[PDB]
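Participant: I'd like to ask you about the structure that follows.
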Amino acid sequence: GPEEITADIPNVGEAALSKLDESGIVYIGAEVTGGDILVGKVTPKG
Amino acid sequence: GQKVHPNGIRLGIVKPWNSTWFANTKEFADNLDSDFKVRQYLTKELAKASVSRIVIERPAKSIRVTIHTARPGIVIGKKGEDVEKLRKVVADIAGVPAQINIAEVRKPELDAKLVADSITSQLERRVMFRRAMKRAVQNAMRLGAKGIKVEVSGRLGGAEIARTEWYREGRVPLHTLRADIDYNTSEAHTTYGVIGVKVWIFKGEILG
Amino acid sequence: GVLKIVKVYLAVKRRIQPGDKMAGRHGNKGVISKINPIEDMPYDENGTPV
Amino acid sequence: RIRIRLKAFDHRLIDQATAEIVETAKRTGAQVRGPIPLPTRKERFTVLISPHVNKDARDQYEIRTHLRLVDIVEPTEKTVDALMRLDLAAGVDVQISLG
Amino acid sequence: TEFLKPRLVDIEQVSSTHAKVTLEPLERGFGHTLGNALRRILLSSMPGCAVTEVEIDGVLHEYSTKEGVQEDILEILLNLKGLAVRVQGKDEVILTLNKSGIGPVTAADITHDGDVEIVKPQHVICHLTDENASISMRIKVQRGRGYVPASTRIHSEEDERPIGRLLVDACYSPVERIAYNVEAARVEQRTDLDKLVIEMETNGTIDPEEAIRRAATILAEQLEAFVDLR
RNA sequence: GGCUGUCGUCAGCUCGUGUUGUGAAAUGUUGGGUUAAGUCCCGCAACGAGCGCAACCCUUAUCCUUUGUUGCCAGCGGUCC
């Protein structure tokens, strides 16, 4: 199947959904460093 | 209806108020009404965003809202696009100049209200209530709660005879006034009926 | 072909630090070693540090 | 003379406000009267706590409105105006009155 | 022990910023010691207020541009980092700058409170060119010492602030240039005494006798560890 | 669901690990003392923990510092007392 652009990032908790919107992808501007998330882009059954 | 409300008993000591303004007997009721309205609106809007505490504070004919939320990104959206939108509606609701601030909630597993909400959501999407409760308790413990209790009640597993079940872990002193007991509640509007979720989270004792 | 095409443009602002490389126009290479305070600099009698 | 009536529900907050006001006064002008505490209004409410019936079941709440009377004896040019730009903390209704 | 003690005899102000100060009388050989010690302390460790967080409305990041202005937003943040403020009572204040209309935006256009004093009424910040353009920034002025930069103040800040507040580096020290001279003192019975002529150059916000008093207290309380304990 | 009364503001109710019993279960939590109190001591196949029993809070009873009007008048001057 195809991969997906959603914030509903798995295993990883309330440390994924943060510098992004409710539909995924980094929300612009911000003081991002290393280990952050910019574009939620993960598939089920991968 | 045995127990006193844990927030309510502690407002003078360890817990603060949400609405934080002065008004004379003339304008007080109106203010309260406004607060109720705005809060209601906010809840409606930011349901998908994990929101814990709306703190209203109005000085000098201008309303200052402070939204405590776990994920600011979904409440803010694009930088100053969603917040701005919210603001004008808030102002309209009030009838004064509005100002929205957004506090970022560190550790949403330790915030009680948020946990409750999560539990409710889980219930709605047809999980085993017990497993959800366990998760709630465990997570909080992991995060560094001195203790947590959660309680769920009524039509559990769609059963005809309603009952309440509750899981405690650590220590949750309610009679002790100086204990920081974050209490809050929620309601799962399931197919069989409502399921009320209470949760107490003991952060620790304050010394003063 | 390509489906999801999201390009994100970061902008780091790098200052200067022990280990960078500076040079004049004459071939005088250098790795900036110590970032001294203002006080420890050699000041002339007018008062300005170098 | 400028009489100033501070009113608030939180006492600590009120105290803080009063101090601030004094500070504002004292740098610009001279001879601030002082932060005089008036009587607190303890407006009491009883309510039935049952949804339906149980009359002896009751909660008794109250709102403690605190009063802080600050007076300024000499209004100068610099002093009075300083307050216009100097707003106090929220939840503290101030009430200045010259003469 | 035939020593003496010095006093601040004459304090001349050459201007509002550049101002010398004498010290009299110093003992033989002490002049370069006190002068170099007061130089190191007066250049390292003085408290002065500076710009820390700038909040412009309708902005995303500091590398954007704005409607109706000349300087870009990095230029505005640099010109705000050069600002010289002098608060009296509080240690953390919030100013306001609101201005519309064609013409430059001086520092004298900030709607001051009572206890803040902006000592440079010709400090330029913006050059508003459109008459339909506006700018409403809200500055935050802390108070400290030394140099604390944006990288270290990226996680150090505890008070969870909201997103949209541009972080400006903090140049806290209001002393920029200091030189001392050991002349020959004019003592009517002694010839082996000297004076110390400290020539400060401030940010305009610090009072030189107050600066010298604070540097002297810093040196004395540092030497108390040698005096009391061993 | 929420909220409420109730036994009853009654000293009780429990859990973990360990132990005994085929087991339902028991121990802990019982026993000498003690207390308002499963309050505290001592022993004891129990060891620990939590909710509760207490305390933290409000009010009130004594004192101090601060600050004194629209509050007070001890000492002072005036007086229409």
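In the structure tokens, chains take letters A, B, ... by order of appearance, with residues numbered from 1 within each chain and ligands from 1 in the order shown.
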What are the residues of chain D lining chain B at 8 Å or less? Count only C-alpha atoms, and put the answer as a ChimeraX atom specification.
Facilitator: /D:7-9,89-93
Participant: Write out as a CSV table (one decimal) with N, CA, C and O atoms, in the first residue's frame each polymer residue whose atoms come within 8 Å of region 85-98 of chain B, counting only C-alpha atoms (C1' of nucleotides); drop sequence neighbours fewer than 5 positions from it.
Facilitator:
chain,number,residue,atom,x,y,z
B,34,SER,N,-20.7,35.3,30.6
B,34,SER,CA,-19.8,35.5,29.5
B,34,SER,C,-18.7,34.4,29.5
B,34,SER,O,-18.4,33.8,28.5
B,35,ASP,N,-18.2,34.2,30.7
B,35,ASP,CA,-17.2,33.1,31.0
B,35,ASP,C,-17.7,31.8,30.5
B,35,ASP,O,-17.0,31.0,29.9
B,37,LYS,N,-20.1,31.1,28.5
B,37,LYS,CA,-20.3,31.1,27.0
B,37,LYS,C,-18.9,30.8,26.4
B,37,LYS,O,-18.9,29.9,25.5
B,38,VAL,N,-17.9,31.6,26.7
B,38,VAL,CA,-16.6,31.5,26.0
B,38,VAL,C,-16.0,30.1,26.2
B,38,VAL,O,-15.5,29.5,25.2
B,61,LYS,N,-11.8,46.3,31.0
B,61,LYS,CA,-12.7,46.1,29.8
B,61,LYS,C,-12.0,45.4,28.6
B,61,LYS,O,-12.2,45.8,27.5
B,62,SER,N,-11.3,44.3,28.9
B,62,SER,CA,-10.6,43.5,27.9
B,62,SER,C,-10.4,42.1,28.5
B,62,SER,O,-9.8,42.0,29.6
B,63,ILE,N,-10.8,41.1,27.8
B,63,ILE,CA,-10.8,39.7,28.2
B,63,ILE,C,-9.5,39.0,27.8
B,63,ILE,O,-9.1,39.0,26.6
B,64,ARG,N,-8.7,38.5,28.8
B,64,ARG,CA,-7.5,37.7,28.6
B,64,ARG,C,-7.8,36.2,28.9
B,64,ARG,O,-8.0,35.8,30.1
B,65,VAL,N,-7.9,35.4,27.8
B,65,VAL,CA,-8.1,34.0,27.9
B,65,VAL,C,-6.7,33.3,27.9
B,65,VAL,O,-5.8,33.8,27.3
Participant: Could you tell me which residues of chain D sit within 7 Å of chain E when counting only C-alpha atoms, and give me the result as a ChimeraX atom specification?
Facilitator: /D:82,85-86
Participant: Pull out every residue of chain A sitting within 10 Å of chain E, counting only C-alpha atoms, and send them as number ranges by chain.
Facilitator: A: 28-31
Participant: Limited to C-alpha atoms, could you put the picked residues into a file as an mmCIF file, in the first residue's frame?
Facilitator:
data_model
loop_
_atom_site.group_PDB
_atom_site.id
_atom_site.type_symbol
_atom_site.label_atom_id
_atom_site.label_comp_id
_atom_site.auth_asym_id
_atom_site.auth_seq_id
_atom_site.Cartn_x
_atom_site.Cartn_y
_atom_site.Cartn_z
ATOM 1 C CA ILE A 28 6.050 26.625 10.049
ATOM 2 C CA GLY A 29 8.401 29.001 11.949
ATOM 3 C CA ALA A 30 9.355 27.395 15.393
ATOM 4 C CA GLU A 31 12.711 26.763 17.205
#
Participant: Hey, can you check how far CA of residue 16 (chain E) sits from CA of residue 204 (chain E)?
Facilitator: 6.2 Å
Participant: Mind the document's chain letters and residue numbers, and return as an NGL selection string the residues of region 102-189 of chain E that DSSP labels helix (DSSP H, G or I).
Facilitator: :E and (107-109 or 152-154)
Participant: Keeping only N, CA, C and O atoms, write those residues as a PDB file, in the first residue's frame.
Facilitator:
ATOM      1  N   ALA E 107      13.246  55.989  18.637  1.00  0.00           N
ATOM      2  CA  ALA E 107      12.990  55.370  19.927  1.00  0.00           C
ATOM      3  C   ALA E 107      12.124  56.234  20.819  1.00  0.00           C
ATOM      4  O   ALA E 107      11.603  55.731  21.819  1.00  0.00           O
ATOM      5  N   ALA E 108      11.946  57.509  20.476  1.00  0.00           N
ATOM      6  CA  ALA E 108      11.111  58.408  21.260  1.00  0.00           C
ATOM      7  C   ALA E 108       9.624  58.200  21.018  1.00  0.00           C
ATOM      8  O   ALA E 108       8.816  58.923  21.606  1.00  0.00           O
ATOM      9  N   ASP E 109       9.243  57.258  20.171  1.00  0.00           N
ATOM     10  CA  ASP E 109       7.844  56.993  19.899  1.00  0.00           C
ATOM     11  C   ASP E 109       7.283  55.865  20.746  1.00  0.00           C
ATOM     12  O   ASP E 109       6.098  55.551  20.621  1.00  0.00           O
ATOM     13  N   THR E 152      21.589  29.312  24.340  1.00  0.00           N
ATOM     14  CA  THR E 152      21.505  28.868  25.717  1.00  0.00           C
ATOM     15  C   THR E 152      20.171  29.221  26.345  1.00  0.00           C
ATOM     16  O   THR E 152      19.691  28.491  27.218  1.00  0.00           O
ATOM     17  N   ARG E 153      19.577  30.329  25.895  1.00  0.00           N
ATOM     18  CA  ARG E 153      18.265  30.797  26.417  1.00  0.00           C
ATOM     19  C   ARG E 153      17.138  30.144  25.610  1.00  0.00           C
ATOM     20  O   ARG E 153      16.010  30.678  25.635  1.00  0.00           O
ATOM     21  N   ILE E 154      17.435  29.038  24.923  1.00  0.00           N
ATOM     22  CA  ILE E 154      16.420  28.321  24.098  1.00  0.00           C
ATOM     23  C   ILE E 154      15.748  27.245  24.960  1.00  0.00           C
ATOM     24  O   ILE E 154      14.603  26.867  24.644  1.00  0.00           O
TER      25      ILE E 154
END
Participant: Using only C-alpha atoms (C1' of nucleotides), which of F:50, F:81, F:38, F:69 sits nearest chain B?
Facilitator: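 Among the listed residues, F:50 lies closest to chain B.
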Participant: Going by DSSP on the backbone, which residues of chain C come out as strand (DSSP E or B)? List them as a list in words.
Facilitator: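 Taking chain C and keeping strand (DSSP E or B) gives residues 21, 22, 23, 29, 30, 31, 43 and 49 of chain C.
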Participant: Write the selection just made, keeping C-alpha atoms, as a compact mmCIF listing (two decimals), in the first residue's frame?
Facilitator:
# COMPACT_ATOMS: atom_id res chain seq x y z
CA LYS C 21 38.21 28.95 10.03
CA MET C 22 38.88 32.60 9.28
CA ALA C 23 41.33 34.10 6.81
CA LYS C 29 44.65 30.94 7.25
CA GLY C 30 43.55 30.46 10.79
CA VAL C 31 41.45 28.35 13.08
CA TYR C 43 43.87 47.61 24.89
CA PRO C 49 40.42 46.70 22.96
Participant: Can you check which parts of chain F lie within 7 Å of chain B? Per residue, the shortest pair of atoms and distance in Å to one decimal, counting only C-alpha atoms (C1' of nucleotides), sorted by chain and number, as a Markdown table.
Facilitator:
| residue | atom | partner | partner_atom | distance |
| --- | --- | --- | --- | --- |
| F:1 | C1' | B:194 | CA | 4.8 |
| F:4 | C1' | B:1 | CA | 5.4 |
| F:50 | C1' | B:171 | CA | 6.2 |
| F:56 | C1' | B:178 | CA | 5.3 |
| F:57 | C1' | B:177 | CA | 6.1 |
Participant: Quote the spacing between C1' of residue 20 (chain F) and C1' of residue 43 (chain F) in Å to one decimal place.
Facilitator: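 About the pair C1' of residue 20 (chain F) and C1' of residue 43 (chain F): they are 20.6 Å apart.
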Participant: Excluding region 220-229 of chain E and its own-chain neighbours fewer than 4 positions away, which residues fall within 12 Å of it when counting only C-alpha atoms (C1' of nucleotides)? Please give them as a ChimeraX atom specification.
Facilitator: /E:34,37-38,41,213-216
Participant: Determine which residues of chain D sit within 8 Å of chain F, taking into account only C-alpha atoms (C1' of nucleotides), and present them as a ChimeraX atom specification.
Facilitator: /D:34-37,49-54
Participant: Export, as a PDB file, in the first residue's frame, the selected residues with C-alpha atoms.
Facilitator:
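Result saved to selection.pdb:
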ATOM      1  CA  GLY D  34      -0.013  55.114  53.428  1.00  0.00           C
ATOM      2  CA  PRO D  35      -1.733  51.760  52.737  1.00  0.00           C
ATOM      3  CA  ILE D  36      -4.648  51.795  55.209  1.00  0.00           C
ATOM      4  CA  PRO D  37      -6.630  48.527  55.441  1.00  0.00           C
ATOM      5  CA  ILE D  49     -26.479  20.900  47.527  1.00  0.00           C
ATOM      6  CA  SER D  50     -28.947  18.155  46.628  1.00  0.00           C
ATOM      7  CA  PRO D  51     -30.487  18.237  43.101  1.00  0.00           C
ATOM      8  CA  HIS D  52     -33.889  17.437  44.563  1.00  0.00           C
ATOM      9  CA  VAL D  53     -34.478  17.117  48.256  1.00  0.00           C
ATOM     10  CA  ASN D  54     -32.372  17.228  51.387  1.00  0.00           C
TER      11      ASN D  54
END
Participant: Residues near residue 14 (chain A), anyone? I mean within 9 Å using only C-alpha atoms (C1' of nucleotides), not counting same-chain ones fewer than 2 positions away, as a short mmCIF file (atom, residue, chain, number, x, y, z; two decimals) with C-alpha atoms, in the first residue's frame.
Facilitator:
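Output file around-v1.cif is given in full below:
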data_model
loop_
_atom_site.label_atom_id
_atom_site.label_comp_id
_atom_site.auth_asym_id
_atom_site.auth_seq_id
_atom_site.Cartn_x
_atom_site.Cartn_y
_atom_site.Cartn_z
CA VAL A 12 6.10 7.39 20.16
CA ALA A 16 5.25 13.52 17.85
CA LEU A 17 2.03 15.74 17.53
CA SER A 18 3.87 18.98 18.54
CA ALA B 70 -1.16 19.47 25.49
CA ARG B 71 -0.62 20.19 21.78
CA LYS B 107 3.23 15.73 30.60
CA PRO B 108 -0.42 15.24 29.48
CA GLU B 109 -0.46 11.82 31.23
#
Participant: Find the residues of chain A in contact range of chain C, meaning any atom within 10 Å when counting only C-alpha atoms, and list them as a list in words.
Facilitator: residues 2, 3, 4, 5, 25, 26, 28, 29, 30, 31, 32, 33, 38, 39 and 41 of chain A
